[PDB]
Amino acid sequence: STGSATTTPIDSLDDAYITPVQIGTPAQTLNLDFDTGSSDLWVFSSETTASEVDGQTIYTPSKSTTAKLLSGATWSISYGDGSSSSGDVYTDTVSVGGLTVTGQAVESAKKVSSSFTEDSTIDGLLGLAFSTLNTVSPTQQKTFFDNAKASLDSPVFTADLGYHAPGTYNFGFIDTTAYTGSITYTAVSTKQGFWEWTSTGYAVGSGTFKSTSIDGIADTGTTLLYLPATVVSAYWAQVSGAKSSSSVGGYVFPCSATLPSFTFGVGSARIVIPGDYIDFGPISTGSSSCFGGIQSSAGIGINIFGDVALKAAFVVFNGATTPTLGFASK
Ligand code: NA
């Protein structure tokens, strides 16, 4: 089997992407944030505290003929941005892009933090990291990908995120029409439960490539590119008037600037992030200070190849017995 679903930016900045997901019988379609940096499929629901719901579509298990309480199971998760959610668990039928899993753990939120409530466009998350990170207790649950894997034509999914445009998540096949040149594959460590890999270096604009190992994770659920402070300083030094602002919480730059590209290495291959991808617009409405899309990972404890980086590539998440990542230009 295969599946193919379109993923759509939630706003004009590509702050996140949503993908429609069918849950239950008859189907309830919720727009989920596919997150290769976490391993829980959780939803706004009929159980979510009413004051914490503001415009999201909810899953109502009592209206699904295939929903079953997973008795005694609870979940609770905290993300890198400080947001959180928790609740109980149902099993139900979940379909993505025509690919169906029966018996998927659907984590029903009883509580969500303010950042979730305030984002009316995201109805929950669908985690695509390794199932070792799943938070369900006392019986840890599998991701949608891990449950689908054995049925797929190939044990893979691909992320093809758009810049200010829709893109695609495919399951079970490589679309050889969706990228240019060849796919370069690189090793993955699953020791921390992430799609963790090592970039071979970077360049700023038309500058020379610096060969250096940068360990980090491929994380579709993170907006920005978070890299070591040395790398980030080297980037922003090429933008007149850019500075790190402790008041704003990262590098800012004059909205009048033209940003340089940023290149990262994948083995001997190179992915180029156009400068435009690094502009996250005014820090507050009408400001002439703009927020940068490349930020320091110092204090976060890991480097994160988030959407700024991933949307410059066609990315293969190879879930074979020995997982690997692939990157192609597009
Ligand atoms: Na922000």
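In order, the residues displayed for chain A correspond to 90-419 in Swiss-Prot numbering, which applies throughout.
Method on record in the header is X-ray crystallography, 1.0 Å.
Every residue gets a Cβ built from N, Cα and C, even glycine.
Copied over from Swiss-Prot:
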| type | residues | note |
| --- | --- | --- |
| DOMAIN | 106-417 | domain 'Peptidase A1' |
| ACT_SITE | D124 | active site |
| ACT_SITE | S288 | active site |
| DISULFID | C344-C379 | disulfide bond |
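Structure with Swiss-Prot features highlighted.
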residue : record         : DSSP class
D124    : active site    : strand
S288    : active site    : strand
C344    : disulfide bond : coil
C379    : disulfide bond : strand
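For the pair formed by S288 (active site) and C379 (disulfide bond), distance between Cα atoms is given as 27 Å, rounded to the nearest Å. Annotation for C379 (disulfide bond): same-chain Cβ neighbours under 8 Å, separated by at least 6 residues, are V341, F342, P343, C344, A346, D368, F369, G370, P371, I372. Fewest other C-beta atoms within 10 angstroms, among the recorded positions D124, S288, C344, are seen around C344.
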